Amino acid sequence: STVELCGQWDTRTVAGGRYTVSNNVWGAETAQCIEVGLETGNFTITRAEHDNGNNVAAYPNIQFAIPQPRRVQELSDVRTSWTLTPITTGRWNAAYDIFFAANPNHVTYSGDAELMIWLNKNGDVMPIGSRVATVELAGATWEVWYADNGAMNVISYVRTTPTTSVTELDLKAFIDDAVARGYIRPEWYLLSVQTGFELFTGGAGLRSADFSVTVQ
């Protein structure tokens, strides 16, 4: 079965409790609906009236919360698959968002990080931060962007060739690279892995499907 979520902060648990799908209109009050498949977690943005400037309006997403606390240094394998369906209009990206914290029990200033992996976009949208490098990871080339705003590092990897599909993408390769760069500490905990669309203007018709995450 399916359901349409139109509330700003609506969420649903899907896929046998493994993932959560959220509307997540956090940066605007403009309307948005997603239609969610409750067995798969697949979703289609059916409504999106956003018209933001340089800041994100919304990030509807599917999330895997790590079930038991795990330090980056304790991970052996992190894999993910995903298929997106792009549209020809609007300003949006298709991006993973991975969160790390020193302390699962309390916010830690400068001890928290956000790692993004951009697979696709439309319009003039760019990451938060400065462009610092290019790297070869997981069979492809990525621009590396870095922001040290204050409380939280943002590290973004932007695929130089846009795509709509990844299968068994090695997320640990990205984690290991950010560790090599000093942006993530090995003792930090991996909290969650999300993917979806950062919406700036429009977004209706974007589709997320076939999401899977393995953390060993």
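Quick note: we count residues from 1 along the sequence shown, nothing fancier.
If you average the Cα B factors in the entry, which is higher, 63 to 71 or 162 to 170? Between 63 to 71 and 162 to 170, it is 63 to 71 that shows the higher mean C-alpha B-factor.
Between 32 to 40 and 183 to 191, point out the one with the higher average CA B-factor as the PDB entry records it. The recorded data point to 183 to 191.
Just grab whichever of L84, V107, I98, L119 has the top CA B-factor as deposited. Result of the comparison over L84, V107, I98, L119: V107.
So where's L115 on the chain's Cα temperature factor ranking, which third? Tercile = middle for this residue's CA B-factor.
Among the chain's modelled residues, which third holds the C-alpha B-factor of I45? Tercile = lowest for this residue's CA B-factor.
Quick check for you: using the entry's CA B-factors within this chain, is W92 in the lowest, middle or highest third? Its C-alpha B-factor, which the entry lists for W92, ranks in the lowest third among residues of this chain.
What third of the chain, by the recorded C-alpha B-factor, contains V213? Highest third - that is where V213 ends up once the chain's C-alpha B-factors are sorted.
Hey, what third does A57 fall into on Cα B-factor, ranked over its chain? For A57, the deposited C-alpha B-factor lands in the lowest third.
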